[PDB]
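Quick mapping for you: the protein sequence lines, in order, are chains B and A.
Residue numbering for the first sequence follows the authors' numbering, beginning at 1 and increasing consecutively.
Residue numbering for the second sequence follows the authors' numbering, beginning at 1 and increasing consecutively.
Where a beta carbon is used, it is the ideal one built from N, C-alpha and C, also for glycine.
There are 2 protein chains.
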Amino acid sequence: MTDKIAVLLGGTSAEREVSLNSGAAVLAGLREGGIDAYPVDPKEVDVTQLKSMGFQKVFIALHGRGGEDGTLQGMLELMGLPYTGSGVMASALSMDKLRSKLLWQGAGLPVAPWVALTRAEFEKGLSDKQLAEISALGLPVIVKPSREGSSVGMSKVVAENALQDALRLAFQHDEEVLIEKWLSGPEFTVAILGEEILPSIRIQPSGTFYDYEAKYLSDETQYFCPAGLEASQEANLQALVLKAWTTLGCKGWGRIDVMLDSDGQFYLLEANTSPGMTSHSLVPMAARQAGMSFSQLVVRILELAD
Amino acid sequence: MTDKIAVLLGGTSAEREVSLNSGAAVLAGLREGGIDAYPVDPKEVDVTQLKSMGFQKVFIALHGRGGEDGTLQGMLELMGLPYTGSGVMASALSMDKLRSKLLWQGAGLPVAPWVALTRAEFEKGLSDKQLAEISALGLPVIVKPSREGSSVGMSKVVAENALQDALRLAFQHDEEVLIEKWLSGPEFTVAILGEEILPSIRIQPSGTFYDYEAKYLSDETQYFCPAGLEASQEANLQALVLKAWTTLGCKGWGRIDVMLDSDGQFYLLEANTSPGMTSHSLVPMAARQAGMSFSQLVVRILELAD
Ligand SMILES: Nc1ncnc2c1ncn2[C@@H]1O[C@H](COP(=O)(O)OP(=O)(O)OP(=O)(O)O)[C@@H](O)[C@H]1O
Ligand SMILES: Nc1ncnc2c1ncn2[C@@H]1O[C@H](COP(=O)(O)OP(=O)(O)OP(=O)(O)O)[C@@H](O)[C@H]1O
Ligand SMILES: [Mg+2]
Ligand SMILES: [Mg+2]
Ligand SMILES: [Mg+2]
Ligand SMILES: [Mg+2]
Ligand SMILES: [Mg+2]
Ligand SMILES: [Mg+2]
Ligand SMILES: [Mg+2]
């Protein structure tokens with residue numbers, strides 16, 4: 001028999017609905033490519049049983065903690081099943097925006113000014129030190145959970161009083177949250193596939209930022225691929241993303257989000273080590289520009305597994 | 001029945017023999033403490049079977065990659081067994097000295113000047129930029145694998161022409177290697193147990209550095225607990241270790257290694273998230289100074305598990 005592949009999709013994160021759609025697309029692409037692939041939802045199926053169930057390899061189409069944060073990767077490593085995407089460390093680090101930012105800053109790479117807060121600090125009241133650091137960011141700011149995706153838990157803050165409500169929202173999702181200087185844009189994303197950096201994308205939301213609706217449920221978001229930069233700036237963006245990728249230790253495939261600010265410089269937002277694969281998703285757009293069918297894309301991601 | 005605890009020991013890393021000794025001590029301390037503990041060696045026993053075998057919780061007494069680097073933690077998380085020490089991210093990060101250093105530098109914490117190299121770069125010939133960066137460290141330097149323990153693969157380089165052999169040695173143990181400025185010492189270590197920072201230890205090897213023989217097989221190494229610092233410097237050391245610990249995201253217990261340099265300042269070397277527990281080991285020494293039996297120590301570590 002040829003290899004039986006499990007496409008892991010759904011799960012129980014805030015990105016479940018997106019993952020169900022990513023997995024649906026991946027499953028079809030793999031079967032179209034001649035791969036004996038089957039959908040497996042960890043919400044329904046105990047994933048510690050995959051090997052016992054007869055699977056040879058795993059395509060990870062989960063998003064968020066418990067699929068994308070090193071935990072599942074560790075289990076698959078010990079079970080001895082090859083799997084797509086980054087290993088334990090790089091998956092855990094890429095999920096943790098606070099620690100990605102620290103790593104990248106330690107490496108001399110460009111990141112937006114920011115303040116990190118814990119839920120325990122917020123509950124008690126912030127120090128004068130922290131309040132001064134927050135004030136120095138100016139307004140607006142963006143507030144985000146450290147370990148989410150799909151713009152879950154995020155908001156733009158334009159008044160000091162409402163920072164509290166933005167923090168409360170983000171703290172529903174994580175015990176660690178980031179307050180970041182608002183960047184002017186424009187916004188970009190760059191997909192990586194093995195050793196190939198795919199054509200860049202410029203993303204233009206119709207509203208204040210690339211929120212959940214703008215990502216998955218809007219026909220108003222615009223996309224430009226390649227991004228339409230001057231050749232030197234496209235080279236600058238590619239070199240930045242490659243250094244960010246290598247600094248985190250990522251492998252296989254992924255997507256790094258970047259924005260310009262008013263100073264004309266690129267800033268790193270985050271890396272994603274199990275990117276969206278839906279009809280609205282960005283890695284498929286870059287791959288299409290690179291002359292790949294969606295089927296060719298997913299077969300390639302699978303071939304790259306250990 | 002009351003809970004059956006698996007003490008994981010041995011495994012297949014370069015630190016196997018240390019781990020067999022750590023686990024032997026932990027097993028006895030747990031049983032003296034009234035805990036129904038059993039030794040389980042992942043070299044002999046399929047660790048994916050622990051829950052099936054009837055275990056309720058796991059005491060990790062493994063050292064090195066595959067017990068200490070987040071992989072096993074991920075498996076245990078998905079199996080649903082509580083386990084001792086740090087989670088997936090902090091274990092993976094603490095094992096990766098290169099990425100710990102970047103994280104800590106990003107956070108403004110003191111780390112020795114260094115250069116990181118990959119094995120592929122070394123095989124081809126280093127760039128002029130890399131050669132210039134190595135020269136700027138001066139001599140002597142220490143060379144270490146990124147992801148080892150127990151001083152495995154490490155050497156001091158006092159002459160330019162001996163750097164290549166030191167690099168070749170370290171590259172036997174990891175594909176990523178660090179060249180670091182030689183620090184004058186003295187050398188310290190600080191153990192963390194839950195929220196408690198234990199009494200500091202000053203370590204005085206008889207030779208060039210605290211090598212494998214000095215760690216595990218010598219009656220010549222000297223230890224001072226507490227470290228014998230002035231009150232203000234002891235406070236400084238504790239504050240630095242606590243910030244390093246929290247920046248990594250570690251939990252449960254662990255030990256951070258620190259050295260003075262000739263400027264009189266402390267520099268962070270690394271964190272260890274599954275510390276040695278042998279008769280030569282440091283966490284037990286700190287615990288004894290804090291008025292605990294070894295049995296009380298390991299019972300507390302186990303109580304702290306998820
Ligand atoms: N500092 C900032 N200033 C302005 N806009 C921002 C900033 N940070 C993030 N954004 C906006 O918020 C969106 C989501 O932020 P980010 O990519 O950091 O987190 P995410 O929720 O993990 O996204 P993903 O779906 O890619 O996983 C960005 O695509 C961008 O539109
Ligand atoms: N930059 C340096 N200068 C001088 N000595 C050093 C330096 N870095 C490390 N050492 C020496 O080498 C020893 C081991 O280094 P380090 O703690 O970084 O790695 P390790 O192999 O993971 O140790 P462990 O058994 O604690 O896990 C230190 O205890 C110290 O004696
Ligand atoms: Mg994301
Ligand atoms: Mg209010
Ligand atoms: Mg639609
Ligand atoms: Mg994003
Ligand atoms: Mg170590
Ligand atoms: Mg002895
Ligand atoms: Mg050490």
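Whole-angstrom Cβ separation of residue i and residue j, contact assumed at under 8 Å?
i                      : j      : result
A:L268                 : B:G106 : In fact, because the Cβ distance is near 12 Å, the residues do not count as touching under 8 Å.
B:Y210                 : B:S295 : With a Cβ gap of about 27 Å, B:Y210 and B:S295 do not count as contacting.
A:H63                  : A:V18  : 6 Å
residue 308 of chain A : A:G252 : With chain A represented from 1 up to 306, any question about residue 308 of chain A goes unanswered, as that position is not in the structure.
A:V47                  : A:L81  : Going by Cβ atoms, the distance from A:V47 to A:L81 rounds to 10 Å, so no, they are not a contact pair.
B:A214                 : B:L282 : With a Cβ gap of about 12 Å, B:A214 and B:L282 do not count as contacting.
B:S293                 : B:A61  : In fact, because the Cβ distance is near 17 Å, the residues do not count as touching under 8 Å.
A:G11                  : A:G87  : Not really, about 19 Å apart at Cβ, beyond 8 Å.
B:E121                 : B:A14  : Not a contact, Cβ separation roughly 23 Å.
Is it buried or exposed, residue i, if we count other Cβ atoms within 10 angstroms and call 16 or more buried?
i      : result
B:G254 : buried
B:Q265 : exposed
A:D165 : exposed
B:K43  : exposed
B:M285 : buried
A:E303 : exposed
A:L217 : exposed
A:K129 : exposed
B:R65  : buried
A:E196 : exposed
B:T84  : buried
B:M53  : exposed
B:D263 : exposed
A:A132 : exposed
A:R168 : exposed
B:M75  : buried
A:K97  : buried
B:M1   : exposed
A:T246 : exposed
A:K101 : buried
B:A239 : exposed
B:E220 : exposed
A:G291 : exposed
B:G276 : buried
B:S22  : buried
A:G153 : buried
B:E77  : buried
Check each candidate in the options and name the one with the smallest Cα separation from residue i.
i      : options                           : result
A:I256 : A:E187, A:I60, A:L62 and A:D219   : A:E187
A:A244 : A:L98, A:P110, A:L50 and A:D36    : A:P110
B:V241 : B:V258, B:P275 and B:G66          : B:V258
A:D36  : A:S22, A:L50, A:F55 and A:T48     : A:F55
B:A28  : B:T278, B:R202, B:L137 and B:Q222 : B:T278
B:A287 : B:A116, B:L198 and B:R99          : B:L198
B:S200 : B:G108, B:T189, B:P113 and B:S206 : B:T189
B:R119 : B:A170, B:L260 and B:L137         : B:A170
B:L260 : B:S184, B:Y223 and B:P205         : B:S184
B:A136 : B:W114, B:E123, B:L126 and B:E148 : B:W114
B:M79  : B:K51, B:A116 and B:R99           : B:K51
A:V299 : A:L163, A:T221 and A:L193         : A:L193
A:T208 : A:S155, A:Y223, A:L163 and A:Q222 : A:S155
A:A112 : A:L297, A:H280 and A:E270         : A:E270
A:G138 : A:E123, A:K124, A:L117 and A:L163 : A:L163
B:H280 : B:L126, B:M95 and B:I203          : B:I203
Stretch-stretch touch, CB-based, cutoff 8 Å, three pairs: the stretch 144-154 of chain A with the stretch 169-180 of chain A: yes
Residues passing the C-beta test against ligand 3 heavy atoms, cut-off 6 Å: B:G149, B:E270 and B:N272
Segment contact flag, the stretch 82-97 of chain B with the stretch 6-18 of chain A, C-beta cutoff 8 Å, min 3 pairs: no
Cβ pair count under 8 Å reaching 3, the stretch 221-239 of chain B against the stretch 153-170 of chain B: no
Cβ pair count under 8 Å reaching 3, the stretch 20-34 of chain B against the stretch 68-76 of chain B: no
Inter-stretch contact (C-beta, 8 Å, three-pair minimum) for the stretch 218-227 of chain A and the stretch 166-174 of chain A: no
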